[PDB]
Asks: 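Below is a structure I'd like to ask you about.
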Amino acid sequence: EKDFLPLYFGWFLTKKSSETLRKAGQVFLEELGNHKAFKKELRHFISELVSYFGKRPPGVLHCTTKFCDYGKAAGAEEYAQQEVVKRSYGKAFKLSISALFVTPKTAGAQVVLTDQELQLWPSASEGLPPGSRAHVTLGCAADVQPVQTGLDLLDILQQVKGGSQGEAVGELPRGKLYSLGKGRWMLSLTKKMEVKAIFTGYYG
Amino acid sequence: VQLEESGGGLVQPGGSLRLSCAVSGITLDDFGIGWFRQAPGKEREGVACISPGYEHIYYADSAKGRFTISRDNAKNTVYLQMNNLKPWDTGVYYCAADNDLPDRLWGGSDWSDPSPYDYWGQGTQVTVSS
Ligand SMILES: [Ca+2]
Ligand SMILES: [Ca+2]
């Protein structure tokens, strides 16, 4: 029922998985801030990356599906009355991590959803396949709010799909690093990172 | 539970105004505050926001550098310093309080969406002549 809804739904990574992903994120920043291919393109990133993305989530990482504001968000009730939503509540999932991105605003991870997980998914509003926004925020610039992460990921996918993917500029240990221009960086993983999580609601 | 704005009125272009809300029955340690503007016929559009986590102070691109939001938690009053004001800022500036700041930021909500807020002030009328 509407009034019992959560603030939002999502895949909340397990402690072990959350920490794995948190670790892997900081390595991408440690290795990105020191990659010469990035040090030249600092004019288009700014006027140490871990510190730049100093606003990090304070608990476990999670992949948001539907912001609900306790039933009073747009479409909140309808998402909740879906048979997949009320049945997969409290069930455990295995998300795939596709790439890790870095813009001058936010740093995050991209999620590729299985057809079954996509049943839980509710400008960039156009052209791309569903669930393309699916992510995990790993950091934010001091003055940037986290919802920005979803739109940068879409901005990158409108680019790679656009053809402006741009050839490889750097080889990292976990995958090849690409540079899409306006301070946007992407690490496409040689082996996708499988991360465990639970589908549930966030309360207070 | 009361948010009373104040400090609005007339000002010429380029002038400055400092709005103030006296939050009551709620505390700025638990609630983030959004300052909103409602101009004639437009919809409520967020100008600035301060959450209790202190690293969450945001500004709308229009007022990113002209305005400054702050709090004196001792006086549980929030402030909005507006510099180099233009007629396009004319509007009613309302003050909103939301206990899910910053939590919702990390779960798909935008600070400037006014729907998630929980309590709204009465609005102080601001007007930049011409
Ligand atoms: Ca709170
Ligand atoms: Ca709320």
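The chains referred to below are lettered A, B, ... by the order of the sequence lines, with proteins before strands, and numbering in each begins at 1. When a ligand or atom number is given, it counts from 1 through the structure's own listing order.
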Asks: Between the Ca ion (ligand 2) and B/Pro116, is there an N, O or S atom separated by less than 3.0 Å?
Replies: yes
Asks: Looking at B/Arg37 and B/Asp89, is any side-chain nitrogen of the basic one under 4.0 Å from a carboxylate oxygen of the acidic one?
Replies: no
Asks: Rounded to the nearest 10 degrees, what's the angle OD1 of A/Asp69 makes with OD1 of B/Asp118 at the Ca ion (ligand 2)? Could you check?
Replies: 140°
Asks: I'd like to know if A/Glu19 pairs up with A/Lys16 as an ion pair, taking the criterion as any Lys NZ or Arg NE/NH1/NH2 lying under 4.0 Å from an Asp or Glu carboxylate oxygen.
Replies: no
Asks: Whether the A/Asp152 and A/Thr103 side chains hold a donor-acceptor pair (N or O, under 3.5 Å, no angle test) is what I'd like checked.
Replies: yes
Asks: With a cut-off of 3.0 Å, does any N, O or S atom of B/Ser51 fall short of it relative to the Ca ion (ligand 1)?
Replies: no
Asks: Should the pair B/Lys64-A/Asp143 be classified as a salt bridge under the 4.0 Å nitrogen-to-oxygen rule?
Replies: yes
Asks: Measure from the Ca ion (ligand 1) to every N/O/S atom of B/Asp30 and report the name of the nearest one.
Replies: O
Asks: Rounded to 10 degrees, what angle sits at the Ca ion (ligand 2) between B/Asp98 OD1 and B/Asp100 OD2?
Replies: 90°
Asks: Stepwise, does the ring-ring contact (aromatic ring centres under 6.0 Å, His included) test hold for B/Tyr54 with B/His56?
Replies: CA-CA 5 Å; B/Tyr54 215 121; B/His56 294 284; over 10 Å; no
